[PDB]
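Chains as they are written, first to last, in our numbering: chain X, 410 to 649; chain S, 1129 to 1458; chain Y, 2 to 283; chain C, 2 to 51.
Working notes, beginning with the structure itself.
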Amino acid sequence: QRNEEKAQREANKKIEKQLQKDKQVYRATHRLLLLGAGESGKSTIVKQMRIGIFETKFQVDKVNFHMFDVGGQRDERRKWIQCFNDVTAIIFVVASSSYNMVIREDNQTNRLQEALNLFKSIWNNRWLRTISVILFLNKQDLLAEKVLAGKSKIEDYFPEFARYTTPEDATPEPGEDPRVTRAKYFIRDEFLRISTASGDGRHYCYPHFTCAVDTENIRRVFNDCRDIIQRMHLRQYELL
Amino acid sequence: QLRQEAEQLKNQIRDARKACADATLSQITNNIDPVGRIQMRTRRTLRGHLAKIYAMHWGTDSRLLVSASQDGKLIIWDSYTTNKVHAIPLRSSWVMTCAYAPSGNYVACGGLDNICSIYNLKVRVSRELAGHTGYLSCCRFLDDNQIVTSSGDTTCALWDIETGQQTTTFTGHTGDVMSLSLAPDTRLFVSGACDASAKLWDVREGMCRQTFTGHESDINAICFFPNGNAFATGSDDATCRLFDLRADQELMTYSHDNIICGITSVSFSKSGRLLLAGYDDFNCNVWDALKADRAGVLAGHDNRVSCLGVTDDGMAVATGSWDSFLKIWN
Amino acid sequence: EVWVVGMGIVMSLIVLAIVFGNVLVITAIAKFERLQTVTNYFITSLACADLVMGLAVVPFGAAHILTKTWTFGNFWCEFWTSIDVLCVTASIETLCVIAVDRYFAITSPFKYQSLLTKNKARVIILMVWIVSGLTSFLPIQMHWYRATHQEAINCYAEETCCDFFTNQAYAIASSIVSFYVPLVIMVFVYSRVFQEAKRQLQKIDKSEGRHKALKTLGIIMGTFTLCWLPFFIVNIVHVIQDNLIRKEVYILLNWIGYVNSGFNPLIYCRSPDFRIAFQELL
Amino acid sequence: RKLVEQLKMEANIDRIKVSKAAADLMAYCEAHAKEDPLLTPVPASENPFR
Ligand SMILES: CN[C@@H]1CCc2c(ccc(O)c2O)[C@H]1O
């Protein structure tokens, strides 16, 4: 009779209230994706940010942030990468000191080049057309120790580095050699060249130089997310 | 050394398939009258999902459905009255599939966590199934006691609820499988992987009798013909194909010059005349199985569709999209 | 005759444009569920206010101007004046509220999702409509606005002719509630938004070595200011000094303020989603 | 490995001509077409949704 309908209506009302509260909570929280090479060094960033899928919840300035990382699924083609369509930013971790070494057992297919190809695939994705990338370049001090040593020359592995010159309007570190500065800025420009070509105002790449003992990664991600949302809102109103 | 023998045997099987075909389905079915234009209206629009839906499964009574969304809520609905009977939170925020047991007592759920969660309606998790390397993609119930889950490990497995350990594992797919569909009698079983190959398995023997590789790109959807002697595979090549098990080969291909987007979900009608396919172009196109000529277009969805299920009664078609809205059509 | 029919043609075209644009906007938000957005609620409120204006006061005002007399009753004249004040106040205050919402969405992006919800938007719309209805009906229907000189007394006594005569206090209060305070708020929030946009553009230029905001804010501010500010400045002036402002210029500026409402759909509904909805509807 | 054995097992399967399978599918569709609410628009009285 109508008693069943009344009970169903009461259950519907309770469920609707519960999902209203859940919607408030979900809209309060921001989502991030931690993507990088296997030996890139995402574990160090994850430990720094915290202080088959790994989820770490951290909040800064009373803003809830959620970071998702998947490592079990390692394939040339990823179907789970289309699932992360509502994430505010995709964190990319690249080993900037892995230019001279190769893990594919083949010549000239350097791990840095593999990371660049992966970044190109992520950027030139139909589903990831509005997701900005926060790029972290781990192990900058390993890169410094490598460049100050004569063991490896980037020109031997990256031909464009021979004719490359340091930018005049750059921001060198307070205590850094010219050679390491040139190397790190060339590596950053390698990713930025891919970043600029495809996207047109929809999404941007934020490059950061990170050491193995850096502790400002939490604030850097917060600022990058704030800038991402500000740019998205500005473009939605056709200002920027 | 054995590669040459394998290539020779593949050439032999291709020659046998070619010699076993005389006239295509179009040649024999061009005589019958076309189905004509079809008008379908959204009888019920179900709202309440926080985020995008990926999959849903109609109940046996063709009245209740379960929908899974990335917000982590496995909402159960009553299509006749548009009332939410249950709302089951998920341990894993990311979910890729869901299922409704034929008895209606249990509801399955699995996502990127590589763990198949099973919930008891009459609501707490009953058994959590683990043992898959990759992300789960689809789950269906053979009965109230067994369930088949196909994951990104390129392996499909048959589980047992009471024991919690997989009874058998099916191997032979180069790429990760993305969809599956049980036979009406549950004797056979198919799954479509990303290597453009759909294989017919066997829940008893555990060996793929036949494989069909007519597609050019990854397969995203699959579904048996109601007869059980044929199935339809929807890939990213913007084509839906209707394979035949007895003929061991393709029969018809469903494509148009205008469409350049892949297919997400494919389902048949009760009589199998209509082949409903959900596209990436924000709409669902319905085809004529015996004609390959599109009859109607279901363009009511704002975002991309992710699922499509025709009721067991053959009364309504439900499509859940990425716009957090699940619409009932008829 | 020739002058009257030309003016009648112009007012008919203005009425048609306003009504068409407004009904198109409300149809766009109402018909499609993808356009149901928190800000789109405020846009719908603005379009509803403009539609009420163009359906109630613009046609009757045109009839008053062309015929040079008020055939309808004096109570109906008071009701028409009240509806006009209501529509103007609601439209300008809704523009101010939309600007404030944009400022919160840009300056405080993290708190914007939590700060504005469906309930908050609904209560804000109710508050603005109640304050506009108060400022319109309460002083007019209770005769707080009526003047004291014999000209006004004769004008209100005669049912045939119904012009506008306002007290200095009521004119000041109506202006400062309808236009000036919303003007200050809009200018402040849009200056802050422009500063934020310039900062973001500077950051992008610095990071990526290898104007639109200025133009958009320019159109948004300039249309509203050029449409309304002259009318409100003469509204202040003729109560400050009666001999300075004539009736013809006052009516002309008021009608410019009226035709302002036609341009609002063309300015605040230029989003690609709105264009797609318009194409689907038409 | 086992791929050659699996493919050899796949090859030795009895098959029927495509004409017979096509005729069977067409006959099934023609015979079961009456009990299809999607093909034939159900009357509003018969329609459970509306
Ligand atoms: C009939 N003309 C009225 C007279 C006074 C007035 C108008 C508009 C907005 C206001 O705040 C007003 O006080 C004009 O539209």
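In this text, a Cβ means the ideal position worked out from N, Cα and C, and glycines have one as well.
Asked: Measuring only the C-alpha atoms, how far is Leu552/X from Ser1279/S?; Found: 39 Å
Asked: Note down, in chain order, every chain Y residue with its Cβ under 9 Å from the Cβ of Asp1199/S.; Found: What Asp1199/S touches in chain Y: nothing, since even the nearest Cβ is about 15 Å away.
Asked: I'd like to confirm something about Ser83/Y: is its beta-carbon nearer than 7 Å to some heavy atom of ligand 1, or not?; Found: no
Asked: Could you tell me the boundaries of the alpha helix (DSSP H) in which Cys162/Y lies?; Found: No alpha helix (DSSP H) holds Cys162/Y; DSSP gives it neither H nor E.
Asked: Look at the alpha carbon of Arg1337/S and the alpha carbon of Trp1329/S, and state the distance between them as a whole number of angstroms.; Found: 6 Å
Asked: Run the CB neighbour count on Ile637/X, radius 10 Å, all protein chains shown included, and call it buried at 16 or more, exposed below.; Found: buried
Asked: Within 8 Å of any Cβ in chain S, is that where the Cβ of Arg35/Y sits?; Found: yes
Asked: In this structure, what does DSSP give as the bridge partners for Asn547/X?; Found: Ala504/X
Asked: Going by the C-beta, is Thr149/Y closer than 7 Å to any heavy atom of ligand 1?; Found: no
Asked: Can you list, in chain order, the residues of the stretch 1413-1447 of chain S whose Cβ is nearer than 7 Å to any Cβ on chain Y?; Found: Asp1430
Asked: Using a Cβ-Cβ cut-off of less than 7 Å, give me the residues of the stretch 1249-1278 of chain S that come near chain X, in sequence order.; Found: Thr1261, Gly1262 and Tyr1263
Asked: Give the interface partners of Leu202/Y over in chain X, defined as CB-CB distance under 7 Å, in chain order.; Found: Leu649
Asked: Would you mind sorting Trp1205/S into buried or exposed? The rule is 16 or more other CB atoms within 10 Å of its CB.; Found: buried
Asked: Following a CB-centred definition, is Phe80/Y positioned closer than 7 Å to any heavy atom of ligand 1?; Found: no
Asked: Quick check on DSSP: helix, strand or coil for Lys1455/S?; Found: strand
Asked: From the DSSP output, which residues share a beta bridge with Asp565/X?; Found: None, per the DSSP bridge assignment.
Asked: Is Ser175/Y near ligand 1, with its Cβ less than 7 Å from a heavy atom?; Found: yes
Asked: Just mark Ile1388/S as buried or exposed, buried being the case when its beta carbon has 16 or more other beta carbons within 10 Å.; Found: exposed
Asked: Could you check where the alpha helix (DSSP H) with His65/Y kicks off and where it finishes?; Found: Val39 to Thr68
Asked: Should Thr167/Y be counted as a contact of ligand 1 given a C-beta to heavy atom distance under 7 Å?; Found: yes
Asked: Within the continuous beta strand (DSSP E) that includes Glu464/X, where are the two ends?; Found: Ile462 to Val469
Asked: Whose C-alpha, out of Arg1171/S, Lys1212/S, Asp1385/S and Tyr1263/S, is nearest the C-alpha of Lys423/X?; Found: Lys1212/S
Asked: Given 7 Å as the limit, tell me if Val89/Y has its C-beta closer than that to any heavy atom belonging to ligand 3.; Found: Ligand 3 is not part of this structure, which contains only ligand 1.
Asked: Give me the DSSP bridge partner(s) of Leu1316/S.; Found: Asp1330/S
Asked: Quick one: list the residues of chain S neighbouring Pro38/C, beta-carbon separation under 7 Å, in chain order.; Found: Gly1442 and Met1443
Asked: Going along chain X in order, which residues have a C-beta closer than 9 Å to the C-beta of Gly1280/S?; Found: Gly481, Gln482, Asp484, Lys488 and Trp489
Asked: From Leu25/Y to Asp274/Y, what distance separates their C-alpha atoms?; Found: 14 Å
Asked: What is the residue span of the alpha helix (DSSP H) that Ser13/Y lies within?; Found: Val3 to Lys32
Asked: Could you tell me the alpha carbon to alpha carbon distance between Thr161/Y and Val58/Y, rounded to whole angstroms?; Found: 18 Å
Asked: Decide if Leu39/C is buried, meaning its Cβ has at least 16 other Cβ atoms within 10 Å, or exposed.; Found: buried
Asked: At a cut of 8 Å, does the stretch 1216-1233 of chain S reach the stretch 1262-1275 of chain S through at least three beta carbon pairs?; Found: yes
Asked: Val542/X: buried (16+ other C-beta within 10 angstroms of its C-beta) or exposed?; Found: buried
Asked: For a quick check, are the C-beta atoms of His612/X and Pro110/Y less than 8 Å apart?; Found: no
Asked: Given that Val1213/S touches chain X, what residues does it touch there, using C-beta distances under 8 Å?; Found: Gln417 and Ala420
Asked: CB of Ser179/Y to nearest heavy atom of ligand 1: below 7 Å?; Found: yes
Asked: Leaving out the 5 sequence neighbours to the left and right, which residues in its chain are closer than 8 Å to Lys119/Y when beta-carbon positions are compared?; Found: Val39 and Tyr42
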